[PDB]
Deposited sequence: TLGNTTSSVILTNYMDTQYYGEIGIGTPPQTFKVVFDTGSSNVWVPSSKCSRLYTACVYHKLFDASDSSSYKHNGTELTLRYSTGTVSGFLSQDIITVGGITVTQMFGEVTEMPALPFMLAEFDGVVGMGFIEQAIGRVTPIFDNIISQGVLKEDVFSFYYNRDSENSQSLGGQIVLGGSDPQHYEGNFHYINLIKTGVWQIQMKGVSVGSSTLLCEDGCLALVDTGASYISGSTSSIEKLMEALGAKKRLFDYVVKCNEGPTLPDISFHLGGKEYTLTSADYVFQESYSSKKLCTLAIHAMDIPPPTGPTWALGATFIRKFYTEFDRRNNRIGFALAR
């Protein structure tokens, strides 16, 4: 079942690492800054029931069930595990607005929210855009719920991530794509399987050094960076002349623009990033260090080992997520 509505969510670009939009939960709406994340499937926001001893709950918007006349209790415990951290809490049901679409949605009220990393979040919560199969507690994801309404023109959603300074930080179209933010044709790659926004990758090139037998690529709107496995990144970085630090790889800022192209071989086409697309050029000095927007992340089975194509990739390539045809479309962003 399909309608005729298309709907956009305006996103704020925080330091090229966090892309978030506004959603409203409850009656009247309590507003939250949320990351729309294709790598997970649960909605959560911090709870008023979160102990103030969690400092992250002091520094973020808290959902207060006691102020919502449309709240429906459930209370089942849930733990959501991400790459960079974990949240715990319980399930609740309420009205959620996103792009002027209202859905009754089960979501997590988070009562346990670690200061690292959640103090470093501009956003309050997460809206998972993954499939029900990856949803913790088998809770229906928000998009599946929007699909049930039969209002969207297509069973698709699209991401645009900008660079950044008083302009559009990003955009999610629910029900289509926006031609004003892409050019040329979409080139589609089918998913490995329905359930995960993951596709076959045929190779990674520096300047084909890596993934020469084929590997996996998670198209992850909630990942800031392009990530590969530890040994894959170690080899990638050796070729770039980049040195390892605790959380990132750095190159000396001067040698930044001279860094080779990195190409990802997806569904026939070759998706190339220049150094400008993956280096945080904050200086041109030899005596300063510059961070690369490519990280090591060992994603566990059964999803892993896999590469993750995050904001670094999506900035260059406007991404359409097709649920009806179980594929991902890429076009040149503008």
| property | result |
| --- | --- |
| Stretches of the record's deposited sequence for which the structure holds no C-alpha atoms | 165-167, 211-212 |
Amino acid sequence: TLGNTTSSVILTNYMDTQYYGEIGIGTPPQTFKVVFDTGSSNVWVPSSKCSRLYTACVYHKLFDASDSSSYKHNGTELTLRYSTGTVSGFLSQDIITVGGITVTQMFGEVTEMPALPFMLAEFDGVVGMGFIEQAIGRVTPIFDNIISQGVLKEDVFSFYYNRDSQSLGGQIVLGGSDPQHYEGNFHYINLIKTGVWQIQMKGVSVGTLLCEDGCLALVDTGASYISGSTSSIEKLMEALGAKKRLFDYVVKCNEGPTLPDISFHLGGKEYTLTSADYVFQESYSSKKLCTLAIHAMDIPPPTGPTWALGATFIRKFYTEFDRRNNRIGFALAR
From here on, numbers count along this sequence of modelled residues.
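Note that the rigid core is defined as the largest set of C-alphas that superpose within 1.5 Å between two forms.
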query	finding
RMS Cα shift after core superposition in 9 other deposited structures of this protein, winner of 49-57 and 262-270	49-57
Higher-deviation segment by CA RMS in 9 other deposited structures of this protein, core fitted, 116-124 or 214-222	116-124
Residue 333 left out of the model in a third or more of other PDB entries	no
Missing coords for residue 167 in a third or more of other PDB entries	yes
Residue range whose averaged C-alpha B-factor is higher in the record, 238-246 or 94-102	238-246
Of 251-259 and 69-77, the stretch whose C-alpha atoms average the higher B-factor in the entry	251-259
Identity of residue with top Cα B-factor, from 223, 116, 121, 151	151
Deposited CA B-factor, highest of 285, 27, 51, 41	285
Third of chain Cα B-factors occupied by residue 37	lowest
Ranked against its chain, the third holding the CA B-factor of residue 169	lowest
Relative C-alpha B-factor of residue 210, binned into the chain's lowest, middle or highest third	highest
CA B-factor ranking of residue 176, expressed as a third of its chain	middle
Residue 56 CA temperature factor, ranked by third within the chain	lowest
